[PDB]
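An overview of the molecular structure
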Protein chains: 6
Amino acid sequence: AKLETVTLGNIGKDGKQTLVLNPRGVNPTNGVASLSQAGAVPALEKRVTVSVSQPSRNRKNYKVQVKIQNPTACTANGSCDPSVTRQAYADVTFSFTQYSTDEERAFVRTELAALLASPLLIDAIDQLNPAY
Amino acid sequence: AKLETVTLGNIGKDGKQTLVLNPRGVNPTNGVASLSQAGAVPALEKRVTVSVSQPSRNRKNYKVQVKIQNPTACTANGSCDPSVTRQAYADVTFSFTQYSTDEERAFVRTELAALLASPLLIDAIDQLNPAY
Amino acid sequence: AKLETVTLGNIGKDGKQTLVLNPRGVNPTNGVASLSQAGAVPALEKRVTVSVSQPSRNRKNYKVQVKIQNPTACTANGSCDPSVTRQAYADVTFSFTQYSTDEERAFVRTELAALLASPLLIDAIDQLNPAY
Amino acid sequence: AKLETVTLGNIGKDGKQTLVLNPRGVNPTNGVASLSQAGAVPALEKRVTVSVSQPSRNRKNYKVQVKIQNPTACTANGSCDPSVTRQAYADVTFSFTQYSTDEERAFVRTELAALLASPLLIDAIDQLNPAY
Amino acid sequence: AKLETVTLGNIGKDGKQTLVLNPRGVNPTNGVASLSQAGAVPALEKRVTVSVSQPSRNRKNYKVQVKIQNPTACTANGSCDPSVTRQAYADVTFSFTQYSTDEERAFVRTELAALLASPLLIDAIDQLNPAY
Amino acid sequence: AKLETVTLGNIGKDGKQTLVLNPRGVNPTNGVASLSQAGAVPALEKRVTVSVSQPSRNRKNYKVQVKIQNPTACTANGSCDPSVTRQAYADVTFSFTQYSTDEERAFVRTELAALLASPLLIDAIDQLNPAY
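Residues numbered from 1 in each chain as written, not as in the entry; some residues may be left out. Chains lettered and ligands numbered in written order. Part of a larger assembly, values for the part shown. Heavy atoms only, no water.

By the method listed in its record, cryo-EM, this PDB entry was determined to a resolution of 6.1 Å.

Its place among the elements puts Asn 129 of chain A in the segment after helix 2 (119-127). The sequence separation of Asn 129 of chain A and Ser 34 of chain A amounts to 95 residues, and the corresponding C-alpha distance is 31 Å. In contact with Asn 129 of chain A, not counting residues within four places along its chain, are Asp 123 and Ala 124 of chain A together with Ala 1 and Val 52 of chain B. For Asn 129 of chain A, the side chain forms a polar contact with the side chain of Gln 127 of chain A, separated by 2.7 Å. (Helix = DSSP H or I, 4+ residues; strand = E, 2+ residues; numbered from the N terminus. Contact = heavy atoms within 4.5 Å. Polar contact = N/O pair within 3.5 Å; in protein donor to acceptor, adjacent residues only side chain to side chain.)

Once that is clear, we can look at the packing of aromatic side chains. The tally for this structure, following the rule as stated, stands at five aromatic pairs over all chains. Centroid distance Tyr 132 of chain B to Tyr 132 of chain D: 5.7 Å. Interplanar angle 75°. Geometry classified as edge-to-face. With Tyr 132 of chain B in the segment after helix 1 (102-117) and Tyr 132 of chain D in the segment after helix 2 (119-126), the pair connects residues from two separate chains. Looking at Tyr 132 of chain B, the relative accessible area reads 9%, which means it is buried. Residue class for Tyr 132 of chain D comes out partly exposed when judged on its relative accessible area of 21%. Judged by centre distance (6.5 Å) and plane angle (10°), the ring pair of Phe 94 of chain D and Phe 96 of chain D falls under stacked. A cation over a ring is seen here: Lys 46 of chain C above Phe 107 of chain D, with NZ or CZ 4.7 Å from the ring centre. In this structure, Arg 105 of chain F is placed above the aromatic ring of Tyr 62 of chain F, and the distance from its NZ or CZ to the ring centre is 5.6 Å. (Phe/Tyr/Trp six-rings, centres within 6.5 Å; stacked < 30°, edge-to-face > 60°. Buried < 20%, exposed > 50% of the residue type's maximum accessible area, 1.4 Å probe, protein only. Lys NZ or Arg CZ within 6 Å of the ring centre and 35° of its normal.)

With 15 residues, helix 2 (residues 102-116) of chain F extends 21 Å between its outermost C-alpha atoms, agreeing within 8% with the 21 Å of an ideal straight helix rising 1.5 Å per residue. In terms of burial, helix 2 of chain F is largely enclosed, as 13 of its 15 residues are buried. (Expected span 1.5 Å × (residues − 1).)

The subject of this paragraph is the pairing of strand 3 (residues 32-37) of chain F. Residues and elements named next belong to chain F. Judged by how many residues are buried, strand 3 sits mostly within the fold: five of six residues are covered. Bridge analysis of strand 2 (residues 17-27) against strand 3 gives six bridges, and the strand direction is antiparallel. Counterpart to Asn 22 in the pairing with strand 3 is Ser 36. Linking two consecutive strands that pair antiparallel, namely strand 2 and strand 3, is a turn of four residues; a positive phi of about 75° is found at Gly 31 within it. (Pairing = 2+ DSSP bridges.)

Take the pattern of salt bridges next. Taken as a whole and judged by the stated rule, the model has 25 salt bridges over all chains. Its salt-bridge partner being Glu 45 of chain C, residue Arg 47 of chain C comes within 3.0 Å of it at the nearest N-O pair. Among the residues examined, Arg 47 of chain C registers a relative accessible area of 34% and is labelled partly exposed. Here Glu 45 of chain C falls in the buried class, since its relative accessible area comes to 6%. In this structure, a network of salt bridges that share partners links the residues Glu 104 of chain A, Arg 86 of chain B together with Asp 81 of chain C. (Salt bridge = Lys/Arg side-chain N within 4 Å of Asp/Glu carboxyl O.)

Next up on the list: the arrangement of the chains. Across the gap from chain C to chain F, with no contact made, the nearest C-alpha atoms are 13 Å apart. Here chain D and chain F are not in contact; the least distance found between their C-alpha atoms is 11 Å.

Turning our attention to empty space enclosed by the protein. This model, assessed by the stated rule, comprises six cavities of 30 Å³ or more. Considering only enclosed or pocket space, the largest cavity measures out at about 120 Å³ in volume. In terms of lining residues, the largest cavity is bounded by 14 residues, among which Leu 3 and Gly 25 of chain A, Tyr 132 of chain D together with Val 26 and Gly 31 of chain E are the most central. Of all the secondary-structure elements, those providing two or more residues to the lining of the largest cavity are strand 2 (17-27) of chain A together with strand 2 (19-27) of chain E. With three residues, the single largest contributor to the lining of the largest cavity is strand 2 of chain A. Grouping the constituent residues of the lining of the largest cavity by class yields 11 nonpolar, three polar and no charged. Here the second largest cavity is characterised by a volume of approximately 70 Å³. The wall of the second largest cavity is formed by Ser 95, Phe 96, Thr 97, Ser 100, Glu 104, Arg 105 and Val 108 of chain C together with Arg 86, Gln 87, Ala 88, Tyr 89 and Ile 125 of chain D. If you list the elements that add at least two residues to the lining of the second largest cavity, you get helix 1 (102-117) of chain C together with strand 6 (83-96) of chain D. No other element matches strand 6 of chain D, which puts four residues into the lining of the second largest cavity. Among the residues making up the lining of the second largest cavity, the classes are represented as five nonpolar, four polar and three charged. (1 Å grid on protein atoms, 1.4 Å probe; cavity = no way out; pocket = protein on both sides within 12 Å on 5 of 7 lines; lining within 4 Å. Points joined across faces, edges and corners; volume = space filled by probe spheres on them. Nonpolar A, V, L, I, M, F, W, Y, C, P; charged D, E, K, R; others polar.)

In structure tokens, the structure reads:
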């Protein structure tokens with residue numbers, strides 16, 4: 001949704017950390033807005049991208065795609081321009097019919113939050129553990 | 001990580017609960033967990049599909065994926081059987097390297113909940129709003 | 001203007017009804033602001049959009065444009081979902097010059113509203129009966 | 001819509017201008033109705049015209065157009081004869097199906113008048129920002 | 001960055017103040033802010049515009065572009081209408097890598113302000129004195 | 001214009017650094033003034049240059065172009081002579097009317113120094129923040 005500064009709080013393993021995302025403008029060729037960690041160096045700024053578009057004159061379906069891109073740096077090592085290794089992503093899409101109501105959309109999204117917050121997935125992602 | 005009955009909810013758009021997903025029917029030929037309301041009516045119900053993958057020589061990385069299915073059923077005139085008409089879906093893929101920490105994964109996980117709860121996404125689908 | 005949940009009132013045949021148009025972002029490929037009916041049915045939503053460029057791009061004007069779509073819909077008996085059977089449209093274009101006065105522009109805007117109120121257009125539109 | 005002298009009020013930024021335009025008949029070669037200003041010089045007059053199209057061969061709907069024109073002129077450079085200088089005008093069209101609802105024909109007309117009063121359009125033509 | 005009304009003192013030979021440029025939106029197709037003192041008759045108005053570009057195929061750098069638009073108009077010197085006859089402007093481009101720190105981006109920013117305030121540019125720009 | 005030793009105090013993101021630039025002169029191939037950072041060659045490379053173009057016989061349009069570059073030196077372990085990364089730079093041009101006054105030009109020169117000095121550019125440049 002609208003670009004502005006976005007604060008993500010109550011995050012990390014303890015659920016106590018915060019991250020502030022500065023907005024970045026929209027690339028009209030794909031309709032993608034971007035936000036990133038409000039740090040000094042882009043090479044290591046965690047990124048969030050939006051996306052979010054109306055049903056097309058082909059197959060309809062309201063669709064979104066939301067990405068998380070999280071880089072890390074090491075010693076450098078020996079470089080004055082530190083190398084970057086991506087450690088992790090998320091790529092979340094949604095698809096809704098043109099007749100979909102607010103509650104269908106809200107439940108798919110808040111179910112995802114409720115589900116990721118379930119120990120089944122908390123542990124599966126923190127561990128990279130299949131559920132059994 | 002561990003299969004358990006999932007009684008998710010509290011925050012639909014109206015502050016209502018959505019349940020219950022029974023983690024039963026795990027697919028043994030791809031190792032994919034199956035969470036569902038489908039136990040009552042498999043043709044017309046809500047499901048969550050959960051998979052985790054370990055690295056091999058053809059990828060050398062880790063994957064976590066959750067698929068959310070929320071079909072809506074209706075009985076058309078002349079039918080004695082409701083069928084799915086309107087539908088809503090979501091699909092999230094996460095990916096990690098072998099040097100990825102649990103702390104970074106927790107950030108990707110918790111940042112996503114923060115994003116799902118944040119106006120950045122509770123507008124993007126609910127108000128059908130692109131980033132303006 | 002800034003997209004807002006715009007409420008119109010004193011509208012329709014008796015001049016007594018209302019309509020709420022919610023922000024749906026702007027189209028990023030042409031910078032056109034868009035609102036649509038608040039009710040959650042994208043398939044059949046009423047739409048209003050606004051374009052306000054200046055002469056640089058086309059070395060001309062640029063005329064201000066407002067687009068209106070009213071996709072009148074009806075549910076066939078026995079259908080689970082309504083569809084558009086008739087549509088009404090409007091395209092309102094106003095002149096602009098980089099050297100024009102804001103008062104001149106207001107004169108035309110308000111003149112149009114006064115004309116829409118005038119019986120000459122009430123018949124040109126309600127009957128589809130052009131002036132004679 | 002019989003042409004009659006129109007005496008409009010509520011015109012301009014503060015709604016304090018009025019405008020009176022007298023019938024000049026209808027041009028039967030294109031079906032265009034016209035109301036004139038009492039000024040002597042055609043190039044210097046304010047005027048309104050009306051035209052409605054119809055379904056026909058290669059035409060699917062009725063198109064209702066009103067032309068609003070308000071030239072601005074002055075005795076530039078000391079001229080004994082004033083001239084335009086500025087063209088403040090609007091091309092406003094509506095279109096309807098032959099099976100359309102009269103209530104809806106009224107709504108698009110009245111919705112536009114309501115939209116014209118609303119910040120959404122008053123700034124769009126009198127003084128608006130790109131979009132936003 | 002986030003738009004605000006900008007109140008700039010110390011402008012011109014005597015340090016005349018205050019020049020006030022209000023946030024009068026952002027062009028959605030290219031991220032361009034438009035600041036202005038009034039905007040009623042744009043040709044005759046003073047403006048500053050700003051955008052930030054991201055790297056893409058073609059260029060690996062991040063860019064910040066600021067443009068200053070200050071046309072000078074003549075009053076209605078018998079013409080009965082003011083117009084632009086002379087103009088000054090600036091087109092200011094900054095470019096940075098993914099490894100640039102904020103500290104460094106700021107040197108280019110503050111060095112330029114410090115240089116603009118220095119005799120080398122006071123003479124190069126105000127008297128158009130040649131290099132020597 | 002005329003070259004002198006230039007000291008730029010109160011620079012960088014905290015406004016605390018002082019830079020001393022030693023003029024070298026004007027390169028006769030293109031008439032471009034140059035100021036070098038007053039140390040080792042890799043530091044000297046962090047040059048500021050000025051091109052003052054008098055209105056051309058075939059264009060008129062005076063132009064003053066200021067180029068700022070700041071390559072960052074880095075020596076690898078086992079190396080001596082550092083390589084540099086052109087992490088940050090700018091290219092700024094002032095123009096154009098041959099009939100403009102020193103005040104019109106000073107207005108633009110100082111307007112930019114005042115903008116570079118303002119929160120919008122402090123953030124637009126130091127953290128690459130968009131017009132949000």
